[PDB]
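Below you'll find only one chain, the form solved without this ligand, shown as structure tokens.
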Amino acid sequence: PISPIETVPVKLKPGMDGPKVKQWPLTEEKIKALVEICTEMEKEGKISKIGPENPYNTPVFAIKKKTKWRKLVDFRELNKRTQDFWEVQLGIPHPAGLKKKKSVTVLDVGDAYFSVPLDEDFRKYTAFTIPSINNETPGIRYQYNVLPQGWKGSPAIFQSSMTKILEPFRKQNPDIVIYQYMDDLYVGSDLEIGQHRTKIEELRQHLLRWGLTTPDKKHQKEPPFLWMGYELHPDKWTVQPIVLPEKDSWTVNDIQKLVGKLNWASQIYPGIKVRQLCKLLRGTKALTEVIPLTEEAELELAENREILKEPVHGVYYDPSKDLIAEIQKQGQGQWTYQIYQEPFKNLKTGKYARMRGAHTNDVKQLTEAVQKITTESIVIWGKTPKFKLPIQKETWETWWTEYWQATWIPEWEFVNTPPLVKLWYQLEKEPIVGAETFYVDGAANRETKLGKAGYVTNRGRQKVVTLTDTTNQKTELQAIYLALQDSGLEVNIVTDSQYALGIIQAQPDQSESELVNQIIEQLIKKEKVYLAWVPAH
């Protein structure tokens, strides 16, 4: 059960050398075990008894499972002195992108790691030693002939080998999809179950051909398949049940795990909340610190248990059908979406953590949500979804058409499902005839942080205020704030504030400054505003 498979040319890193760390000592009880285990592999062909010619070595240990003694070789060192390979698939498939299959059979190619050969030129760096009863005469020397478990190259190499082998079958059976993942091969089809079964057996046999020994009936996996928090059934997918333990004492860790698992849930279940629980982490002094849950928290944690009792289910990808994506602004910065082909039958749902920045607007954020989604779709369905967005086209056209930055939204359609996104305000194109005119200004000693800010209008109104512990931007921005307060529904404000210039261009509706936020609230409350920038001094 070894293999007549080509080996891959493996080299070490840039001029380094095979590991040479001494063998951790063991008891007679642990030695006997390894010798046992080793003697079997020695014959199974996995390893070969060597000699002193090998200057390299690696630590082998003994750990029993749930009570037979199993062995463990520590390759950390080698792995360090091992060249690099091309990442062995770090991007795994998402259920929302699988097609439903009349059948899906899973073949186990477990020990396969120990079934494929190693680069005959490399096998020396894998050499390890089975000690003798407490540092007596030297022990038994071995070295791996097959891909060693826990070794850097093993995952990459295994998957490559398994690919060459599946090349033919796949080329010969187009109507069949196989998914290579570690020790598994999920093979699915739409052939009649008898046909399916027959083919499977054909595959198994072809494998048996290359020494990839056949599994057992006991170890056979069956639907529903558990995958990244999901339960994959033949006709649909569901969520692996998620339970919030009931406790009388909650530590910081417990509140963080809870928040952790809860957050991941906000992605599939609608209504999840963690705000009140998240307050529980303020001033926490130690992971094990016991934090008493507030009424708001106990209530929150309560509703959640109930939401999680919901049987959210989903559907699989049907290439014949449209890909629709509908988004909702669940709040400033927060967004939700659901990719579906036919109404109410979702492929995938999702939410995006309150995107908080230095200064943007909803439309801009809307756009970002859209792109993250499009990138997501491209990977999952190799195509972009038609978008149903809660924003009129006039709003979009108005925004995008003049915004200083390049932006875009693929084909999309409007859907009146409040709340809709809109432009809270629009600085006037030209100064306002009739409206008052404020000539604002703010000054502060960058060092004494003592400053003042005010304005003078073409109409006589004038104010000034002293501010302690302030910066120049603030004063200026404050200059603008008052102007906005002390003014009517139509104002003309002029300033030599460099920031007010960025505001004129971006016209944000949210930012890192409560102060700027204040200005915005006022900006929004206004009927007509004309911001003007003029050089300072």
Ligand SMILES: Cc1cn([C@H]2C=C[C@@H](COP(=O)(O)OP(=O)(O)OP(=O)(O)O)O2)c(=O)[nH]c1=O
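The numbering used is simple: start at 1 and walk along the sequence shown.
Beyond the structure shown, there is the form deposited with this ligand bound, which is absent from this document and is the topic of what follows.
Asks: To test your reading of this chain, name the stretch in 267 to 275, 299 to 307, 330 to 338, 67 to 75 whose heavy atoms come within 4.5 Å of this ligand in the deposited complex.
Replies: This holds for exactly one stretch, 67 to 75.
Asks: From the list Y455, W399, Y352, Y113, which entry has a heavy atom within 4.5 Å of this ligand in the deposited complex?
Replies: Of the listed residues, the single hit is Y113.
Asks: Quick check on this chain: which one of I140, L450, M182, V312 has a heavy atom within 4.5 Å of this ligand in the deposited complex?
Replies: Residue within 4.5 Å of the partner: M182.
Asks: According to a 4.5 angstroms non-hydrogen atom cut-off, is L203 in contact with this ligand in the deposited complex?
Replies: So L203 does not count as contacting this ligand.
Asks: Please run the contact check for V109 against this ligand in the deposited complex: heavy atoms, 4.5 angstroms, yes or no?
Replies: Output for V109 is yes: heavy atoms within 4.5 Å of this ligand.
Asks: Is there a heavy atom of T251 lying 4.5 Å or less from a heavy atom of this ligand in the deposited complex?
Replies: No.
Asks: In the deposited complex, is there a heavy atom of this ligand that lies within 4.5 Å of any heavy atom of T284, even though the partner is absent here?
Replies: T284 lies outside the contact set for this ligand.
Asks: Looking at this ligand in the deposited complex, which residues in 209 to 228 have at least one heavy atom within 4.5 Å of it?
Replies: Only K218 sits within 4.5 Å of the partner.
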